[PDB]
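Q: Using only what follows, build the 3D model:
(chains A, B and C)
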Amino acid sequence: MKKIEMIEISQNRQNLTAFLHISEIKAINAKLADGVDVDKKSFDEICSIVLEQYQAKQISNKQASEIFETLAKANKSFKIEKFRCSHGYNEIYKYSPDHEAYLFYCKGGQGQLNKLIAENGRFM
Amino acid sequence: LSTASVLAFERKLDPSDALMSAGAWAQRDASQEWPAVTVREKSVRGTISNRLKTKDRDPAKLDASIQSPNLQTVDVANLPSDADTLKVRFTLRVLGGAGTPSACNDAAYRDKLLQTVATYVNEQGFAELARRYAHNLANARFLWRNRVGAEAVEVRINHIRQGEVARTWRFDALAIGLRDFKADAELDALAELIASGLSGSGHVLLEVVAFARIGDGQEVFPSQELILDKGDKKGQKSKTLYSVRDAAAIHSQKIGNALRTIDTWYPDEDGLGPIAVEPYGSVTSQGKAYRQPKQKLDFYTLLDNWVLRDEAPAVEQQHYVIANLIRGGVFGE
Amino acid sequence: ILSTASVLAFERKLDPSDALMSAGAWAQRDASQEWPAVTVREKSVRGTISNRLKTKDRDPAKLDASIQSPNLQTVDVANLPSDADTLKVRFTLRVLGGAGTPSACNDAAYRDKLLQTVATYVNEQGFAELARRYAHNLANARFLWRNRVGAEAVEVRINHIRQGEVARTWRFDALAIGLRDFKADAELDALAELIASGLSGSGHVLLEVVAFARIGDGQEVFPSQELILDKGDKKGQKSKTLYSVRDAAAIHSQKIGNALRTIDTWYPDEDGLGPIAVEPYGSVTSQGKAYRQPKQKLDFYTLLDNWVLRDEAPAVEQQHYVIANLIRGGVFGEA
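A: Residues are numbered from 1 along each chain as shown, chains lettered A, B, ... in the order given. The structure is reproduced below:
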């Protein structure tokens, strides 16, 4: 599993507390380093310290792949992306929460989508 | 060889706006002078019933938000008090020439795409897909919510050759199922006609008329429209319905979805009813995605595994790929 | 595992119609196929000001100057004719069946668990009690909301029309069976078994229910009333509009649907008011309070979450309430 994929899994999911069931923390606290114990911690804090221990090279790559995939399957709640493009149809829809749907915004490919993402922010 | 940067198919199954009128059962043969189902505008008063998120779940805040009601003014469609059946009429034309793209970048890609589609067609034609489309026409699925709780649905499918009706079919839509695709002695002529239309031989235009015996003065459900509800007054329009020239109707793509609800080859469970042929075959009701692209069973994987790598899928999945070509869109980028 | 669904929605499962009004004479009510409709006329109304006054606006001369110029209104009125004492209010109610399957659900385990919950409910105790309460609300003409109070002899008749023609009919006197006490009669049990057979899915039932009220000769009947647009020629608008389908006074279908589901006597107080309508956070807009608050453990959402997620089924009365407002319908989800 790639490395920026773990960064995007850290970045995109909702910040939850008490989402880790007993088997996950039972594997995790013995699986990760001896530094931090993660009890009642937010998703961003756990993912940031695991990505930092992956950056400052102390733990291997396959362990980080397993624990980031475990943090992926343990979370089902996603943040809303505010901007969804139709690729072949060359369109860009924008999320409107009162409709709970993506209303039409502008004609544009991926570069216009990245421009709008840099302007308005990538998430809701 | 890669896929083309542009490749787009027209829809080869074109219905009109299924417009609805009202009348009395057992006089439904002389039913070309029935009055339309007009969309009236009534006023509702809703109350709080959404889930509170334990921030306004206080004894005083809920009692203060109960006393302030939610006044709205919604459109509504109903049969008249002397009419107890709903007649929904549209025309469906089957174009044909399925796997021929309408705007293709590459020639070496589209020639072998036409070769794979032609190998499918002369190997096993559109008879399975036309059987399933004729089942979604005979079983009146295009009455979406005007079919639940109905007493007796009856579908009349003409075949308008040159203005003159050349061939007639009459189905009891509740006798034949909505799940099991069993063969009937009369339905096979309609399936043969749709197969002849899709295969190129002839011009097929049917006139589909569905009578659903709802009840005297009951409610019919036409297609609903989009509202940009920025701000509301005392009572502001919160729901509007579709109407072609002051007469309620279902949208042409909602009675098109109920025509291509033929996909029962998806890997999850073929016993939980057919779904709509879509890439990453999805239902917004169930909120999930059959044919997940983590599996190798979506449309956008089987397509370039069939055209590029020449890995011909299962016989029951080539029907899905060709049915998604009949649906249309731009594939490949 | 097993968090709640992100969205949930259930269909209506008890579909009434806009009950049209007609007017005739009693003892001619066995014909009642030619009775002319109650038409909604407009009448002008003069009224002095009568609102409560703050302690600063209690000048004598100011009040004398305010009552010198009146409020002129152009309200609607729906009267019976001056030669017709009986009001006939008719509609059709069809029951669909399949009260457990949602119309939208983001979860897949939760949908199958909720379906298992509803199915083991219907196997444990069927739709007998809920249909007996719905048949009592059809029996005593509660859907006549203000045309029932002060009436002389209300009489309801319900015909099971199955193939265009009637199958069998019920005739009740709606004043012997009151609003509060569920009496469980014989014909009430027959109508209860029929509505329960329609609710469980055993068949398709479409009742035609007609209620006659001997309200008096030339009196005022009360159809449900609409609201105002407030746009274009605002001064001199119609101060009160009434519902009318085709120039025929009618009650809104959701008002009759509210009157049929006034069944639950299982809320915390359950003594003073009587039965209220089934609703999440069980509330009445008139009394202005929520009888099933989330602070108490007798809500709908708390009960449904405890029943499905935690597998702790409540008492059979509260299970009747949860299944009854699944029979009601609606959108259960965060908004």
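
Q: Name all residues that make contact with whichever residue of the stretch 101-250 of chain B sits closest to chain A.
A: As assessed by Cβ to the nearest Cβ, chain A sits closest to residue B:229 within the stretch 101-250 of chain B, at 6.6 Å. Any C-beta I mention is one placed from the backbone N, CA and C, and that applies to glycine too. Listed by Cβ atoms under 8 Å, 6 or more residues apart in numbering or on different chains, the contact partners of residue B:229 are A:98, B:236, B:238.

Q: State the distance from the residue nearest to the spatial centre of chain B to residue B:131.
A: Closest to where the C-alpha atoms of chain B average out (Cα atoms, centre = their mean) is residue B:257, at 2.1 Å. Using Cβ to Cβ, to the nearest Å, one gets 18 Å for the distance from residue B:257 to residue B:131.

Q: Next, residue 111: secondary structure please.
A: Since you didn't name a chain, this refers to chain A. helix (DSSP: H, G, I helix; E, B strand; the rest coil).

Q: wrong chain, I was asking about chain B
A: Residue B:111 is classified as helix under three-state DSSP.

Q: again with residue B:117
A: Residue B:117 ends up helix, using three-state DSSP.

Q: Residue 56 - how many residues pack around it?
A: Went with chain A since none was named. If you count neighbours by other Cβ atoms under 10 Å in any protein chain shown, residue A:56 ends up with 7.

Q: looking at chain B here, not the other one
A: Neighbour tally, residue B:56, other Cβ under 10 Å: 12.

Q: Which SSE is immediately downstream of the helix or strand that contains residue B:323?
A: Per DSSP states H and E: residue B:323 is located in helix B:315-327. The first helix or strand that comes after helix B:315-327 along the chain, using DSSP H and E, is strand B:329-330.

Q: What strands flank that next one, and is each parallel or antiparallel?
A: strand B:7-9 (antiparallel) (DSSP bridges).

Q: Can you give the distance of the strand it pairs with from its chain's centre?
A: In terms of Cα atoms, centre = their mean, to the nearest Å, the centre of strand B:7-9 is set 21 Å apart from its chain centre.

Q: what does stretch B:202-219 give?
A: Relative to the centre of its chain, stretch B:202-219 is centred 14 Å away, using Cα atoms, centre = their mean.

Q: buried ones in it?
A: B:204-219 (16 or more other Cβ atoms under 10 Å in any protein chain shown).

Q: what residues are up against residue 113?
A: Reading this off chain A. Residue A:113 touches A:83, A:85, A:92, counting by Cβ under 8 Å, 6+ apart.

Q: Chain B, not that one
A: Counted by Cβ under 8 Å, 6+ apart, residue B:113 has contacts B:7, B:99, B:101, B:104, B:307.

Q: Look up how far chain C lies from it.
A: For residue B:113, the distance to chain C equals 36 Å [Cβ to the nearest Cβ, to the nearest Å].

Q: likewise residue B:172?
A: For residue B:172, the distance to chain C - Cβ to the nearest Cβ - is 14 Å.

Q: Not counting sequence-adjacent ones, nearest residue to that residue?
A: Distance criterion Cβ to Cβ, 6 or more residues apart in numbering or on different chains; nearest residue to residue B:172, sequence neighbours excluded, is residue B:154 at 6.0 Å.

Q: doesn't residue B:210 make contact with that neighbour?
A: Yes - contact criterion Cβ atoms under 8 Å: residue B:154 and residue B:210 qualify, at 7.3 Å.

Q: hmm, who's touching stretch B:20-40?
A: Under Cβ under 8 Å, 6+ apart, the answer for stretch B:20-40 is B:19, B:75-80, B:82-89, B:146, B:152, B:154, B:211, B:213, B:220, B:222, B:241, B:243, B:246-250, C:164, C:245.

Q: Mind doing that once more with 7 Å?
A: Outside stretch B:20-40, the residues within contact range by Cβ atoms under 7 Å, 6 or more residues apart in numbering or on different chains are B:75-77, B:79-80, B:83-88, B:211, B:213, B:220, B:222, B:241, B:243, B:246-249, C:164.

Q: nearest to residue A:67, of the buried residues of stretch B:202-219?
A: Using Cβ to Cβ, residue B:219 comes nearest to residue A:67 of those, at 54.3 Å.

Q: what sits against the closest one?
A: Contacts of residue B:219 (Cβ under 7 Å, 6+ apart): B:77, B:78, C:15.

Q: cool, residue B:117 as well?
A: Residues in contact with residue B:117 (Cβ under 7 Å, 6+ apart) are B:98, B:99.

Q: rerun at 8 Å
A: B:98, B:99, B:100, B:322, B:325.

Q: circling back to that earlier point, put together CSV for the contacts of residue B:229, with neighbour count, distance to residue A:51 and secondary structure on each row.
A: Listed next are the contacts of residue B:229 as CSV, based on neighbours: other Cβ atoms under 10 Å in any protein chain shown; distance: Cβ to Cβ, whole Å; DSSP: H, G, I helix; E, B strand; the rest coil:
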residue, neighbour count, distance to residue A:51, secondary structure
A:98, 10, 35, coil
B:236, 15, 48, strand
B:238, 16, 46, strand
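
Q: What about residue B:186, how many residues nearby?
A: So residue B:186, with other Cβ under 10 Å, has 10 neighbours.

Q: check contacts around the residue nearest to residue B:174 when sequence neighbours are not counted.
A: In this structure, residue B:174 finds its nearest non-sequential neighbour in residue B:153, 5.3 Å apart by Cβ to Cβ, 6+ apart. Residues near residue B:153 by Cβ under 8 Å, 6+ apart: B:140, B:143, B:147, B:172, B:173, B:174, B:210, B:211, B:212, B:213.

Q: so what's the backbone phi/psi at residue B:153?
A: When read as degrees, to the nearest 10, the backbone of residue B:153 gives phi -90, psi 140.
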